[PDB]
>>> print(open('target.cif').read())   # mmCIF, N, CA and C atoms and all ligand atoms
data_work
#
loop_
_atom_site.label_atom_id
_atom_site.label_comp_id
_atom_site.auth_asym_id
_atom_site.auth_seq_id
_atom_site.Cartn_x
_atom_site.Cartn_y
_atom_site.Cartn_z
N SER W 1 -27.85 26.37 -48.70
CA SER W 1 -28.81 27.48 -48.63
C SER W 1 -30.23 26.97 -48.46
N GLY W 2 -31.11 27.86 -48.03
CA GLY W 2 -32.52 27.54 -47.85
C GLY W 2 -33.18 28.44 -46.83
N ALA W 3 -34.49 28.61 -46.94
CA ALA W 3 -35.27 29.41 -45.98
C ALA W 3 -36.67 28.83 -45.80
N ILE W 4 -37.36 29.23 -44.72
CA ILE W 4 -38.74 28.91 -44.47
C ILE W 4 -39.54 30.22 -44.68
N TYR W 5 -40.68 30.14 -45.40
CA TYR W 5 -41.53 31.31 -45.61
C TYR W 5 -42.90 31.08 -44.97
N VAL W 6 -43.19 31.75 -43.86
CA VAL W 6 -44.46 31.58 -43.16
C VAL W 6 -45.05 32.95 -42.88
N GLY W 7 -46.31 33.16 -43.27
CA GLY W 7 -46.94 34.47 -43.13
C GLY W 7 -46.11 35.56 -43.77
N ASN W 8 -45.80 36.62 -43.02
CA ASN W 8 -44.92 37.66 -43.54
C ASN W 8 -43.53 37.57 -42.94
N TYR W 9 -43.04 36.35 -42.70
CA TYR W 9 -41.72 36.13 -42.14
C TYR W 9 -40.87 35.22 -43.03
N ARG W 10 -39.56 35.45 -43.00
CA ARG W 10 -38.55 34.65 -43.70
C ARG W 10 -37.59 34.14 -42.62
N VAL W 11 -37.41 32.81 -42.49
CA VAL W 11 -36.50 32.23 -41.48
C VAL W 11 -35.28 31.65 -42.19
N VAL W 12 -34.07 32.13 -41.83
CA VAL W 12 -32.84 31.64 -42.46
C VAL W 12 -31.76 31.30 -41.39
N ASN W 13 -30.65 30.61 -41.78
CA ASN W 13 -29.52 30.43 -40.87
C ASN W 13 -28.94 31.83 -40.66
N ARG W 14 -28.66 32.20 -39.40
CA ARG W 14 -28.15 33.56 -39.13
C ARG W 14 -26.87 33.83 -39.93
N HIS W 15 -25.99 32.79 -40.07
CA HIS W 15 -24.73 32.95 -40.80
C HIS W 15 -24.92 33.16 -42.31
N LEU W 16 -26.13 32.87 -42.86
CA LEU W 16 -26.41 33.10 -44.30
C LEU W 16 -27.37 34.27 -44.58
N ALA W 17 -27.74 35.05 -43.53
CA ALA W 17 -28.64 36.18 -43.73
C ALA W 17 -28.03 37.24 -44.64
N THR W 18 -28.85 37.87 -45.50
CA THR W 18 -28.39 38.93 -46.42
C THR W 18 -28.49 40.33 -45.79
N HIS W 19 -27.98 41.37 -46.50
CA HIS W 19 -28.08 42.75 -46.04
C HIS W 19 -29.56 43.15 -45.88
N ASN W 20 -30.43 42.70 -46.78
CA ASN W 20 -31.87 42.96 -46.70
C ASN W 20 -32.49 42.30 -45.46
N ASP W 21 -32.06 41.06 -45.11
CA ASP W 21 -32.59 40.41 -43.92
C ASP W 21 -32.24 41.22 -42.67
N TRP W 22 -30.99 41.69 -42.55
CA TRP W 22 -30.59 42.47 -41.37
C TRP W 22 -31.32 43.84 -41.33
N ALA W 23 -31.55 44.48 -42.50
CA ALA W 23 -32.28 45.76 -42.57
C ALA W 23 -33.76 45.56 -42.18
N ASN W 24 -34.31 44.35 -42.47
CA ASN W 24 -35.71 44.03 -42.15
C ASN W 24 -35.80 43.01 -41.02
N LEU W 25 -34.84 43.07 -40.06
CA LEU W 25 -34.72 42.12 -38.95
C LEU W 25 -35.94 42.15 -38.03
N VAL W 26 -36.46 40.96 -37.70
CA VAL W 26 -37.54 40.80 -36.72
C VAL W 26 -36.91 40.25 -35.41
N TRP W 27 -36.08 39.21 -35.52
CA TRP W 27 -35.48 38.55 -34.36
C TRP W 27 -34.30 37.70 -34.84
N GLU W 28 -33.21 37.64 -34.05
CA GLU W 28 -32.09 36.75 -34.38
C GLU W 28 -31.44 36.25 -33.06
N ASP W 29 -30.81 35.06 -33.13
CA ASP W 29 -30.15 34.52 -31.94
C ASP W 29 -28.91 33.77 -32.42
N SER W 30 -27.71 34.30 -32.11
CA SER W 30 -26.43 33.71 -32.51
C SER W 30 -26.31 32.30 -31.93
N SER W 31 -26.74 32.13 -30.66
CA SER W 31 -26.64 30.82 -30.03
C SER W 31 -27.53 29.76 -30.71
N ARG W 32 -28.52 30.15 -31.48
CA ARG W 32 -29.36 29.19 -32.23
C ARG W 32 -28.99 29.11 -33.72
N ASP W 33 -28.14 30.01 -34.20
CA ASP W 33 -27.83 30.12 -35.61
C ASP W 33 -29.13 30.44 -36.42
N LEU W 34 -30.07 31.24 -35.84
CA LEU W 34 -31.28 31.62 -36.57
C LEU W 34 -31.45 33.14 -36.74
N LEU W 35 -32.11 33.53 -37.84
CA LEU W 35 -32.50 34.91 -38.08
C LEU W 35 -33.86 34.93 -38.77
N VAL W 36 -34.76 35.84 -38.36
CA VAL W 36 -36.09 35.97 -38.99
C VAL W 36 -36.21 37.43 -39.46
N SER W 37 -36.57 37.61 -40.72
CA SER W 37 -36.75 38.95 -41.29
C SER W 37 -38.18 39.06 -41.84
N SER W 38 -38.67 40.30 -42.07
CA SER W 38 -40.03 40.48 -42.57
C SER W 38 -40.08 40.47 -44.10
N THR W 39 -41.22 40.09 -44.68
CA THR W 39 -41.37 40.02 -46.13
C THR W 39 -42.59 40.82 -46.58
N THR W 40 -42.65 41.17 -47.86
CA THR W 40 -43.80 41.88 -48.40
C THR W 40 -44.87 40.91 -48.88
N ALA W 41 -44.46 39.75 -49.39
CA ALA W 41 -45.39 38.74 -49.89
C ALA W 41 -45.66 37.67 -48.84
N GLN W 42 -46.84 37.06 -48.91
CA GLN W 42 -47.22 35.99 -47.99
C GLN W 42 -46.52 34.69 -48.36
N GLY W 43 -46.01 34.00 -47.34
CA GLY W 43 -45.40 32.68 -47.54
C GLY W 43 -46.43 31.57 -47.44
N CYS W 44 -46.04 30.36 -47.87
CA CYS W 44 -46.94 29.21 -47.92
C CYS W 44 -46.55 28.06 -47.01
N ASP W 45 -45.43 28.18 -46.27
CA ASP W 45 -45.01 27.06 -45.40
C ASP W 45 -45.82 27.08 -44.08
N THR W 46 -45.99 25.92 -43.47
CA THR W 46 -46.66 25.78 -42.16
C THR W 46 -45.62 25.27 -41.17
N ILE W 47 -45.54 25.85 -39.97
CA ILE W 47 -44.58 25.41 -38.96
C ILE W 47 -45.26 24.32 -38.16
N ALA W 48 -44.56 23.21 -37.92
CA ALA W 48 -45.09 22.14 -37.09
C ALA W 48 -45.19 22.62 -35.62
N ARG W 49 -46.26 22.21 -34.91
CA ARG W 49 -46.44 22.51 -33.49
C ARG W 49 -46.68 21.14 -32.88
N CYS W 50 -45.58 20.49 -32.49
CA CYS W 50 -45.60 19.09 -32.11
C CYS W 50 -44.27 18.71 -31.38
N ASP W 51 -44.16 17.45 -30.93
CA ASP W 51 -42.90 16.97 -30.35
C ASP W 51 -42.33 15.81 -31.18
N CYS W 52 -42.71 15.69 -32.50
CA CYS W 52 -42.24 14.61 -33.41
C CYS W 52 -40.73 14.41 -33.30
N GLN W 53 -40.27 13.17 -33.42
CA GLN W 53 -38.85 12.86 -33.47
C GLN W 53 -38.52 12.07 -34.75
N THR W 54 -39.42 12.06 -35.77
CA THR W 54 -39.16 11.43 -37.06
C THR W 54 -39.67 12.40 -38.13
N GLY W 55 -38.99 12.40 -39.25
CA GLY W 55 -39.29 13.31 -40.36
C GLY W 55 -38.40 13.03 -41.55
N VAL W 56 -38.38 13.95 -42.48
CA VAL W 56 -37.59 13.86 -43.71
C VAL W 56 -36.85 15.18 -43.89
N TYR W 57 -35.57 15.14 -44.32
CA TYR W 57 -34.84 16.40 -44.57
C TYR W 57 -34.25 16.41 -45.95
N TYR W 58 -34.06 17.61 -46.50
CA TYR W 58 -33.42 17.71 -47.83
C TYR W 58 -31.93 17.90 -47.65
N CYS W 59 -31.11 17.07 -48.35
CA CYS W 59 -29.66 17.15 -48.34
C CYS W 59 -29.19 17.56 -49.75
N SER W 60 -28.82 18.83 -49.94
CA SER W 60 -28.42 19.32 -51.27
C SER W 60 -27.16 18.64 -51.79
N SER W 61 -26.23 18.27 -50.89
CA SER W 61 -24.96 17.61 -51.34
C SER W 61 -25.16 16.16 -51.84
N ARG W 62 -26.39 15.65 -51.73
CA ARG W 62 -26.75 14.34 -52.28
C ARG W 62 -27.96 14.45 -53.24
N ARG W 63 -28.58 15.67 -53.38
CA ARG W 63 -29.84 15.89 -54.13
C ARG W 63 -30.88 14.83 -53.69
N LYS W 64 -31.00 14.61 -52.36
CA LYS W 64 -31.86 13.54 -51.83
C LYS W 64 -32.61 13.99 -50.59
N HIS W 65 -33.76 13.42 -50.37
CA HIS W 65 -34.58 13.69 -49.16
C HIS W 65 -34.50 12.41 -48.33
N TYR W 66 -33.96 12.51 -47.10
CA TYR W 66 -33.75 11.32 -46.30
C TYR W 66 -34.69 11.25 -45.11
N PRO W 67 -35.30 10.09 -44.87
CA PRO W 67 -36.11 9.92 -43.64
C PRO W 67 -35.13 9.78 -42.47
N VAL W 68 -35.41 10.44 -41.35
CA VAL W 68 -34.53 10.37 -40.19
C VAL W 68 -35.31 10.34 -38.88
N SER W 69 -34.62 9.85 -37.83
CA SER W 69 -35.03 9.93 -36.44
C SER W 69 -34.09 11.01 -35.87
N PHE W 70 -34.61 11.92 -35.07
CA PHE W 70 -33.77 13.01 -34.54
C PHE W 70 -34.02 13.22 -33.09
N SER W 71 -33.03 13.78 -32.38
CA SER W 71 -33.14 14.01 -30.95
C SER W 71 -33.99 15.26 -30.60
N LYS W 72 -34.41 15.44 -29.32
CA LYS W 72 -35.19 16.64 -28.95
C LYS W 72 -34.27 17.85 -28.90
N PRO W 73 -34.81 19.07 -29.08
CA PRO W 73 -33.94 20.28 -29.08
C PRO W 73 -33.14 20.40 -27.79
N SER W 74 -31.81 20.55 -27.91
CA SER W 74 -30.92 20.57 -26.75
C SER W 74 -29.75 21.56 -26.93
N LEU W 75 -28.93 21.71 -25.89
CA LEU W 75 -27.73 22.54 -25.92
C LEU W 75 -26.59 21.57 -26.27
N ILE W 76 -25.95 21.78 -27.43
CA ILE W 76 -24.93 20.85 -27.94
C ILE W 76 -23.65 21.60 -28.27
N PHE W 77 -22.46 21.04 -27.94
CA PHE W 77 -21.21 21.71 -28.29
C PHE W 77 -20.96 21.54 -29.80
N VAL W 78 -20.65 22.64 -30.51
CA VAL W 78 -20.40 22.65 -31.94
C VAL W 78 -19.00 23.15 -32.21
N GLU W 79 -18.17 22.36 -32.90
CA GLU W 79 -16.79 22.77 -33.21
C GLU W 79 -16.70 24.09 -33.99
N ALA W 80 -15.52 24.76 -33.94
CA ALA W 80 -15.34 25.99 -34.72
C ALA W 80 -15.52 25.74 -36.23
N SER W 81 -15.99 26.77 -36.93
CA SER W 81 -16.22 26.74 -38.37
C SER W 81 -15.82 28.10 -39.00
N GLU W 82 -16.12 28.30 -40.30
CA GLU W 82 -15.85 29.56 -40.98
C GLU W 82 -16.65 30.71 -40.34
N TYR W 83 -17.82 30.42 -39.72
CA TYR W 83 -18.71 31.48 -39.23
C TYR W 83 -18.83 31.70 -37.72
N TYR W 84 -18.43 30.75 -36.90
CA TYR W 84 -18.51 30.90 -35.45
C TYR W 84 -17.31 30.21 -34.84
N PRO W 85 -16.79 30.72 -33.71
CA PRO W 85 -15.78 29.94 -32.97
C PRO W 85 -16.48 28.75 -32.26
N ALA W 86 -15.70 27.84 -31.65
CA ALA W 86 -16.28 26.70 -30.92
C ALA W 86 -17.18 27.20 -29.79
N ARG W 87 -18.42 26.70 -29.72
CA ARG W 87 -19.39 27.19 -28.72
C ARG W 87 -20.52 26.18 -28.53
N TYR W 88 -21.40 26.41 -27.53
CA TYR W 88 -22.58 25.58 -27.41
C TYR W 88 -23.70 26.25 -28.23
N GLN W 89 -24.39 25.44 -29.05
CA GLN W 89 -25.54 25.92 -29.83
C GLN W 89 -26.79 25.37 -29.16
N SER W 90 -27.78 26.25 -28.90
CA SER W 90 -29.02 25.86 -28.24
C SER W 90 -30.12 25.48 -29.27
N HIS W 91 -31.16 24.75 -28.79
CA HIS W 91 -32.31 24.32 -29.60
C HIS W 91 -31.88 23.48 -30.83
N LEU W 92 -30.82 22.67 -30.68
CA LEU W 92 -30.25 21.86 -31.79
C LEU W 92 -30.72 20.40 -31.65
N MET W 93 -31.10 19.77 -32.79
CA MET W 93 -31.56 18.38 -32.83
C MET W 93 -30.61 17.62 -33.75
N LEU W 94 -30.12 16.45 -33.33
CA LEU W 94 -29.18 15.68 -34.17
C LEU W 94 -29.84 14.42 -34.72
N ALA W 95 -29.34 14.00 -35.86
CA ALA W 95 -29.73 12.74 -36.50
C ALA W 95 -28.49 12.12 -37.14
N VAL W 96 -28.55 10.82 -37.41
CA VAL W 96 -27.51 10.14 -38.16
C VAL W 96 -27.85 10.35 -39.63
N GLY W 97 -27.02 11.11 -40.30
CA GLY W 97 -27.24 11.38 -41.73
C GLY W 97 -26.15 12.25 -42.31
N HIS W 98 -26.17 12.45 -43.65
CA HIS W 98 -25.14 13.23 -44.31
C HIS W 98 -25.39 14.72 -44.29
N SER W 99 -24.34 15.52 -44.05
CA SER W 99 -24.45 16.97 -44.03
C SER W 99 -23.09 17.60 -44.33
N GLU W 100 -23.05 18.62 -45.20
CA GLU W 100 -21.89 19.46 -45.52
C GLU W 100 -22.28 20.92 -45.29
N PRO W 101 -21.32 21.85 -45.09
CA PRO W 101 -21.71 23.24 -44.80
C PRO W 101 -22.78 23.85 -45.72
N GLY W 102 -22.64 23.68 -47.04
CA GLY W 102 -23.60 24.21 -48.00
C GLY W 102 -24.98 23.58 -47.90
N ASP W 103 -25.13 22.50 -47.11
CA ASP W 103 -26.44 21.90 -46.88
C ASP W 103 -27.29 22.73 -45.87
N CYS W 104 -26.68 23.70 -45.16
CA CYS W 104 -27.43 24.53 -44.21
C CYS W 104 -28.59 25.22 -44.92
N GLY W 105 -29.74 25.24 -44.27
CA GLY W 105 -30.93 25.81 -44.88
C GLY W 105 -31.90 24.74 -45.38
N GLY W 106 -31.42 23.49 -45.56
CA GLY W 106 -32.29 22.38 -45.99
C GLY W 106 -33.38 22.15 -44.94
N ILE W 107 -34.63 21.99 -45.37
CA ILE W 107 -35.73 21.84 -44.42
C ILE W 107 -35.86 20.41 -43.89
N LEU W 108 -36.17 20.30 -42.58
CA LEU W 108 -36.58 19.06 -41.91
C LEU W 108 -38.09 19.22 -41.69
N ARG W 109 -38.89 18.26 -42.17
CA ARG W 109 -40.33 18.31 -41.97
C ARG W 109 -40.89 17.02 -41.42
N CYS W 110 -42.00 17.15 -40.72
CA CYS W 110 -42.73 15.99 -40.22
C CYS W 110 -44.18 16.11 -40.79
N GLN W 111 -45.09 15.21 -40.36
CA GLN W 111 -46.48 15.25 -40.79
C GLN W 111 -47.21 16.55 -40.43
N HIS W 112 -46.66 17.36 -39.49
CA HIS W 112 -47.31 18.60 -39.03
C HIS W 112 -46.80 19.88 -39.72
N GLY W 113 -45.69 19.78 -40.44
CA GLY W 113 -45.12 20.94 -41.10
C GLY W 113 -43.62 20.99 -40.94
N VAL W 114 -43.06 22.20 -41.07
CA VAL W 114 -41.62 22.43 -40.96
C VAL W 114 -41.20 22.38 -39.51
N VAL W 115 -40.18 21.55 -39.22
CA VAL W 115 -39.63 21.38 -37.88
C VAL W 115 -38.42 22.28 -37.65
N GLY W 116 -37.57 22.41 -38.69
CA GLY W 116 -36.35 23.20 -38.56
C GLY W 116 -35.54 23.19 -39.84
N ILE W 117 -34.32 23.70 -39.76
CA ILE W 117 -33.43 23.74 -40.93
C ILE W 117 -32.04 23.20 -40.56
N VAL W 118 -31.33 22.57 -41.54
CA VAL W 118 -29.98 22.07 -41.30
C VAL W 118 -29.08 23.24 -40.85
N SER W 119 -28.30 23.01 -39.82
CA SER W 119 -27.43 24.06 -39.25
C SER W 119 -26.03 23.53 -38.93
N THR W 120 -25.89 22.21 -38.61
CA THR W 120 -24.58 21.62 -38.27
C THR W 120 -24.37 20.25 -38.96
N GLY W 121 -23.18 19.69 -38.80
CA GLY W 121 -22.88 18.39 -39.38
C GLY W 121 -21.45 17.99 -39.15
N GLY W 122 -21.15 16.81 -39.62
CA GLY W 122 -19.81 16.23 -39.56
C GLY W 122 -19.83 14.89 -38.87
N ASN W 123 -18.85 14.02 -39.21
CA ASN W 123 -18.75 12.71 -38.56
C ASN W 123 -19.99 11.81 -38.77
N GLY W 124 -20.71 11.98 -39.89
CA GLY W 124 -21.91 11.18 -40.14
C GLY W 124 -23.15 11.63 -39.39
N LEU W 125 -23.12 12.82 -38.80
CA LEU W 125 -24.27 13.38 -38.12
C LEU W 125 -24.76 14.62 -38.88
N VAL W 126 -26.04 14.99 -38.67
CA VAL W 126 -26.59 16.22 -39.22
C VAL W 126 -27.38 16.88 -38.06
N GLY W 127 -27.23 18.19 -37.91
CA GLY W 127 -27.93 18.89 -36.84
C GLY W 127 -28.88 19.90 -37.42
N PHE W 128 -30.04 20.05 -36.80
CA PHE W 128 -31.09 20.96 -37.29
C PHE W 128 -31.43 21.97 -36.19
N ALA W 129 -31.57 23.25 -36.59
CA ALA W 129 -32.01 24.30 -35.68
C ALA W 129 -33.53 24.21 -35.59
N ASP W 130 -34.08 23.94 -34.38
CA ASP W 130 -35.54 23.84 -34.22
C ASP W 130 -36.22 25.19 -34.40
N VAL W 131 -37.43 25.22 -35.01
CA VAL W 131 -38.25 26.46 -35.08
C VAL W 131 -39.66 26.28 -34.44
N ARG W 132 -40.00 25.05 -33.98
CA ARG W 132 -41.33 24.74 -33.44
C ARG W 132 -41.71 25.49 -32.18
N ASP W 133 -40.73 26.03 -31.45
CA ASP W 133 -41.05 26.80 -30.25
C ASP W 133 -41.35 28.29 -30.57
N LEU W 134 -41.07 28.74 -31.79
CA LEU W 134 -41.28 30.15 -32.17
C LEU W 134 -42.75 30.34 -32.56
N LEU W 135 -43.62 30.37 -31.53
CA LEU W 135 -45.07 30.40 -31.76
C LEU W 135 -45.55 31.64 -32.48
N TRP W 136 -44.87 32.76 -32.25
CA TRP W 136 -45.20 34.02 -32.87
C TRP W 136 -45.07 33.98 -34.40
N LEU W 137 -44.37 32.96 -34.97
CA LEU W 137 -44.30 32.84 -36.43
C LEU W 137 -45.70 32.59 -37.02
N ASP W 138 -46.65 32.04 -36.23
CA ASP W 138 -48.01 31.73 -36.66
C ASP W 138 -48.96 32.92 -36.64
N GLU W 139 -48.53 34.10 -36.16
CA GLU W 139 -49.43 35.25 -36.09
C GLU W 139 -48.75 36.61 -36.27
N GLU W 140 -49.55 37.67 -36.50
CA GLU W 140 -49.13 39.08 -36.63
C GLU W 140 -47.79 39.26 -37.38
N1 LIG W 201 -24.45 26.26 -36.82
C1 LIG W 201 -23.15 26.37 -37.00
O1 LIG W 201 -22.35 26.55 -36.08
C2 LIG W 201 -22.67 26.20 -38.44
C3 LIG W 201 -22.05 27.49 -39.00
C4 LIG W 201 -21.52 27.27 -40.42
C5 LIG W 201 -20.83 25.95 -40.68
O2 LIG W 201 -20.16 25.81 -41.69
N2 LIG W 201 -20.93 24.99 -39.73
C6 LIG W 201 -20.22 23.73 -39.91
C7 LIG W 201 -21.02 22.65 -40.61
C8 LIG W 201 -22.36 22.83 -40.96
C9 LIG W 201 -23.05 21.84 -41.67
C10 LIG W 201 -22.42 20.68 -42.06
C11 LIG W 201 -21.09 20.51 -41.71
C12 LIG W 201 -20.41 21.46 -40.97
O3 LIG W 201 -19.08 21.12 -40.85
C13 LIG W 201 -18.96 19.84 -41.48
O4 LIG W 201 -20.24 19.47 -42.03
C14 LIG W 201 -21.60 25.10 -38.43
ZN ZN W 202 -44.79 16.77 -36.05
#
>>> encode(input="target.cif", output="C-alpha cells")
Amino acid sequence: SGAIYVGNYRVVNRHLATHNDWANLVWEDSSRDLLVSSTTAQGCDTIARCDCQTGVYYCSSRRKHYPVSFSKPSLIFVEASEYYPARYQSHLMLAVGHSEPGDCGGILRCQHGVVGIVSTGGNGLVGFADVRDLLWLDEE
C-alpha cells in the first residue's frame, strides 16, 4: 500500500483505489496501473520534474529503503496477476531490487521529489509506475 499527496490530489495504484477514490475520480489509466482522486486537505509531497535514473524506494516487505538505478518509462509486458490479465503496462520503469505484491504503493524518489510508485515485481526486479509526466498534478 501507499499513495502520493500533492496539492489537492491523491495518487494511488489503480488496483488499490477505494470506493471514495472512484467517487472522487480525477483521472485513471488501466494501462499505467494509476488512479488520481481529489482531496479536501492539502498534501505535502513534491513531484519530480526531471529525467533522473537513480533514486531510493521504500520496500515494505523488507522495512528498508534501497538506493536503485532504474530504466526510463517504457511499455513493458507484465505477467497475469490477481488484478489484471497478462498485458503491456505503459510508463513503467524497472530496477534490480526486491518487490512483492503488497509492496505496491511504495514511493521511488530522487533529489527532485517523487518519481513514481511500486507497481510490478518478480524475478529480482521491481517496477515503478512513473508520475513525472503528469504535469497537471502541480496546478489547479
Ligand atoms: N501493475 C500490475 O500489473 C500489478 C497488479 C497487482 C499485482 O499483484 N502485480 C504483481 C506484482 C506486483 C508487485 C510485486 C510482485 C508482483 O508479482 C510478484 O512480485 C502486478
Ligand atoms: Zn530527479
>>> residues_near_ligand(input="target.cif", ligand="ligand LIG 201 (chain W)", cutoff="5 Å", atoms="all atoms listed in the file", output="VMD selection string")
chain W and resid 82 to 83 99 to 101 119 to 122
>>> residues_near_ligand(input="target.cif", ligand="ligand ZN 202 (chain W)", cutoff="8 Å", atoms="all atoms listed in the file", output="PyMOL selection string")
chain W and resi 47-55+109-115
>>> closest_residue(input="target.cif", among="W:123, W:89, W:8, W:74", to="residue 29 in chain W", atoms="only C-alpha atoms")
W:89
>>> atom_distance(input="target.cif", atom1="CA of residue 97 in chain W", atom2="CA of residue 65 in chain W")
10.7 Å
>>> closest_residue(input="target.cif", among="W:28, W:133, W:139, W:45", to="residue 107 in chain W", atoms="only C-alpha atoms")
W:45
>>> residues_around(input="target.cif", residues="residue 84 in chain W", least_positions_apart="5", cutoff="8 Å", atoms="only N, CA and C atoms", output="PyMOL selection string")
chain W and resi 15+78-79
>>> atom_distance(input="target.cif", atom1="CA of residue 56 in chain W", atom2="atom N of residue 42 in chain W")
25.5 Å
>>> atom_distance(input="target.cif", atom1="CA of residue 127 in chain W", atom2="atom C of residue 9 in chain W")
21.7 Å
>>> select_by_dssp(input="target.cif", residues="range 20-140 of chain W", states="strand (DSSP E or B)", output="MDAnalysis selection string")
chainID W and resid 25:29 34:38 47 54:59 64:69 74:78 87:96 107:110 113:122 125:130
>>> residues_near_point(input="target.cif", point="(-32.8, 24.2, -40.1)", cutoff="6 Å", atoms="all atoms listed in the file", output="PyMOL selection string")
chain W and resi 105-108+116-119+128-130
>>> axis_aligned_box(input="target.cif", around="range 91-101 of chain W", padding_each_side="6 Å", output="JSON")
{"center_x": -26.8, "center_y": 17.4, "center_z": -37.3, "size_x": 23.0, "size_y": 26.6, "size_z": 28.9}
>>> closest_residue(input="target.cif", among="W:76, W:68, W:131, W:137", to="residue 37 in chain W", atoms="only C-alpha atoms")
W:137
